[PDB]
Amino acid sequence: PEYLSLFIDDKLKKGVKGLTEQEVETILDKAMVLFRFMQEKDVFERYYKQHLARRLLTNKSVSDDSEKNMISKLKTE
Amino acid sequence: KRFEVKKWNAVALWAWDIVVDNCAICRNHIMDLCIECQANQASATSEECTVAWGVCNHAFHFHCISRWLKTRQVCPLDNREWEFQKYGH
Ligand SMILES: [Zn+2]
Ligand SMILES: [Zn+2]
Ligand SMILES: [Zn+2]
């Protein structure tokens, strides 16, 4: 789960790969599908919160729109 | 000194992160044709393949966002309604 959190942080910090939205949506869907067949969600949530703290307490304007998609996917999953 | 400047009325122009080196829709450049035009001539037959400027100070190829208007209707780098305030660089 820690490595999954690092991967999602790397994908969320900047969309330099896949500038458009379709491939970003597909890769996020694949990531959440992979997370679906995973246990130990507590460490995943802890590391996701740590990554949120790291990305919000640093230089801003990373995506400014993908946060809503992330929270919606977390709600639905 | 003999002449000293007291007041200044400079006008500052600003542009957003349009990425002049990579079109935010096709990823070629802010000029030099697009993905669906490629070669300079490519049977041009008049028409145009210049740059399109919106009300949000974003710039893409006219062809790129003209086609992109069928996929969505809000400029991808923001959530604003895209206008056509200028044509060409
Ligand atoms: Zn383009
Ligand atoms: Zn073109
Ligand atoms: Zn825009």
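Cβ atoms come from the backbone with ideal geometry, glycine included; neighbour counts cover every protein chain shown. Values quoted throughout were computed directly from the atomic coordinates according to the rules given, and no laboratory measurement underlies them.
Which residue pairs have Cβ atoms under 9 Å apart, sit 6 or more places apart or on different chains, and have a first residue in region B:8-21 that is within 14 Å of another protein chain (Cβ to nearest Cβ) and assigned to a loop (DSSP other than H, G, I, E, B) and a second that is away from ligand 1 (no atom under 16 Å from the Cβ) and of a type outside the set (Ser, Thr, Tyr)?
Every condition considered, the pairs that remain are B:16/B:56; B:16/B:57; B:16/B:78; B:18/B:57.
Name the single residue, out of those in region B:12-38 being more than 12 Å from ligand 2 (Cβ to nearest atom) and surrounded by 13 or more Cβ atoms within 10 Å (Cβ to Cβ), that is farthest from residue A:15 (Cα to Cα). Break it down into steps so the answer makes sense when it comes.
From region B:12-38, those more than 12 Å from ligand 2 (Cβ to nearest atom) are B:12-22, B:24, B:27, B:30; that's our starting set.
Now narrow it down to the ones that are surrounded by 13 or more Cβ atoms within 10 Å (Cβ to Cβ): B:16, B:18-20, B:22, B:24, B:27, B:30.
Values: B:16: 17, B:18: 15, B:19: 13, B:20: 17, B:22: 13, B:24: 11, B:27: 13, B:30: 19 Å.
Residue satisfying both the conditions and the ranking: B:30.
Of the residues in region B:39-59, how many are part of a loop (DSSP other than H, G, I, E, B) and either aliphatic (A, V, I, L, M) or near ligand 2 (Cβ under 8 Å from one of its atoms) (or both)? It would help to see each step written out before you state the result.
Step one: of region B:39-59, the residues part of a loop (DSSP other than H, G, I, E, B) are B:39-50, B:54-58.
If we keep only those that are either aliphatic (A, V, I, L, M) or near ligand 2 (Cβ under 8 Å from one of its atoms) (or both) too, we end up with B:39, B:42, B:44, B:49, B:55.
Residues in region B:39-59 being part of a loop (DSSP other than H, G, I, E, B) and either aliphatic (A, V, I, L, M) or near ligand 2 (Cβ under 8 Å from one of its atoms) (or both): 5 in total.
Would you confirm whether or not region A:2-16 contains a residue that is within 14 Å of chain B (Cβ to nearest Cβ) and either in contact with a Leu (Cβ under 9 Å, 6 or more places away or on another chain) or exposed (fewer than 13 other Cβ atoms within 10 Å of the Cβ) (or both)?
Narrowing region A:2-16 to residues within 14 Å of chain B (Cβ to nearest Cβ): A:14-16.
Restricting the remaining residues to those that are either in contact with a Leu (Cβ under 9 Å, 6 or more places away or on another chain) or exposed (fewer than 13 other Cβ atoms within 10 Å of the Cβ) (or both) gives A:14, A:16.
Checked against the condition, which is being within 14 Å of chain B (Cβ to nearest Cβ) and either in contact with a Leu (Cβ under 9 Å, 6 or more places away or on another chain) or exposed (fewer than 13 other Cβ atoms within 10 Å of the Cβ) (or both), region A:2-16 yields at least one hit.
Hey, could you check region B:54-89 for residues that are among the polar types (S, T, N, Q) and exposed (fewer than 11 other Cβ atoms within 10 Å of the Cβ) and say which is farthest from the other protein chains (Cβ to nearest Cβ)? Full working, then the answer.
Of all residues in region B:54-89, those among the polar types (S, T, N, Q) come to B:57, B:66, B:71, B:73, B:79, B:85.
Checking the rest, the ones that are also exposed (fewer than 11 other Cβ atoms within 10 Å of the Cβ) come to B:73, B:79.
Numbers: B:73: 13, B:79: 7 Å.
Selected residue: B:73.
Of these, A:66, A:61, which one is over 13 Å from the mean Cα position of the chain (by Cα) and within 14 Å of chain B (Cβ to nearest Cβ)? So that I can check it myself, show each step before the final result.
Details: A:66 fails: over 13 Å from the mean Cα position of the chain (by Cα).
Just one listed residue meets the conditions, A:61.
Would you please list the contacts, defined by Cβ atoms under 9 Å and residues six or more apart or on different chains, that run from a residue in region B:22-35 that is within 12 Å of chain A (Cβ to nearest Cβ) to a residue that is among the acidic types (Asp, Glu)?
From residues that are within 12 Å of chain A (Cβ to nearest Cβ), the pairs are B:24/B:17; B:26/B:36.
Here is a yes/no grid of residues against (1) outside any helix (DSSP H, G or I); (2) in contact (Cβ under 8 Å) with a residue 12 or more places away in the chain:
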| position | (1), (2) |
| --- | --- |
| A:12 | no, yes |
| A:39 | yes, no |
| A:46 | no, no |
| A:60 | yes, no |
| A:63 | yes, yes |
| A:68 | no, no |
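How many residues, within region A:18-37, are surrounded by 11 or more Cβ atoms within 10 Å (Cβ to Cβ), not aliphatic (A, V, I, L, M) and not in a helix (DSSP H, G or I)? Break it down stepwise before answering.
So the first thing to find is which residues in region A:18-37 are surrounded by 11 or more Cβ atoms within 10 Å (Cβ to Cβ), and the list is A:18-21, A:23-29, A:31-32, A:34-35.
Those left that are additionally not aliphatic (A, V, I, L, M): A:18, A:20-21, A:23, A:25-26, A:29, A:35.
Okay, now just the ones that are also not in a helix (DSSP H, G or I), so A:18, A:20.
Total satisfying the criteria: 2.
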